[PDB]
């Protein structure tokens, strides 16, 4: 039933997943020298291309492929429209490996047909707390602890095949070539997320959304006026009042993050992320890159009191193309990124995120139920969406975990 995934080192079923007791590799141990030197064979009318992500033209080519051919909703109404500036940010973090960005071009005209991207991440991915307890009960602690140390692996994103080339088995070719390029650098695990169900997630979470501009969301059919709003004389006025927010932040000590904040933000974030079973480890350079504000891309605020940063939050922008609406062309969404609260309840910190996003022209705030995101859903009027995000590893056995044990945000 899976002609490609049946051949790969991933858990093949839930049954098998349910029996996994320790973190560790699935495949035969290999070395760089075992891996083919030459790119995987491809049809003579195509060619491999490694884009230069500091070439504006190269970024633009990737941008147009994704604009026209990347993830849609299930009803042909919206398609993500990651910006060029976003793509440069996401695909070029500190110590990125240019060779991990893999494209296929039509040899004739250099038309971009397919793309997949890999970036480095340092991930805690050892045996989860609940399974370490089971291991102690069996006298198997050392086994359970073997892969505790953070590992330098690959994060995969932006897999895309042009609509005219779908269902021709090009995606497997891309995945095999990205795998080869990663393994040639002595890395043997990857982490990736997808909405679709593949063999086999180690975690899954629902999406949640919080309306910031209900008038617009209703006009574009992101939202409807919910049935209960009918018994009302005037549905929309009531809807706007429900989702109204303050014009200005409520925490007095809130301001935008600046470079001098990097060490303190690193400390409070890393202390917080320690409480989750799977999560990233960031250097100062990686905190700088992923969290310092960038116009139109990522937005980060700290709470500072007595000259100390005590809390922070970040969000990033992914707009979508609205297909066929005579009033609007774009949906402007804000996505909850990393945060840490030490001084105030998390709901009070994230209310200021909603206030800031609204004041900056965002239409909706999205998130997945990872981290402690469930703790502020009801008070802050988030609603569950139809969608789910599934978390996967390549070449890593891992026990099933709850999404509230996951701390990796994927863009």
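Here, rigid core means the biggest group of C-alpha atoms that superpose within 1.5 Å across both forms. Positions refer to the first chain, counted from 1.
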{"item": "Farther-lying stretch by C-alpha RMS in 8 other deposited structures of this protein (rigid core fit) among 224-232, 78-86", "value": "224-232"}
{"item": "Segment of greater CA departure in 8 other deposited structures of this protein, 215-223 or 170-178, core superposed", "value": "215-223"}
{"item": "226-234 versus 150-158 - greater average Cα B-factor per the deposited record", "value": "226-234"}
{"item": "Mean temperature factor over C-alpha atoms, higher-scoring stretch between 314-322 and 124-132", "value": "124-132"}
{"item": "Member of 294, 181, 210, 106 with the greatest C-alpha B factor (per the PDB record)", "value": "106"}
{"item": "Identity of residue with top Cα B-factor, from 163, 176, 266, 138", "value": "138"}
{"item": "Third of the chain, ranked by Cα B-factor, where residue 191 sits", "value": "lowest"}
{"item": "B-factor third for the C-alpha atom of residue 22 within its chain", "value": "highest"}
{"item": "Record-listed C-alpha B factor of residue 249: chain third", "value": "highest"}
{"item": "Third of the chain's Cα B-factor distribution that residue 408 belongs to, per the entry", "value": "lowest"}
{"item": "Chain third (lowest, middle, highest) by recorded CA B-factor, residue given as residue 59", "value": "middle"}
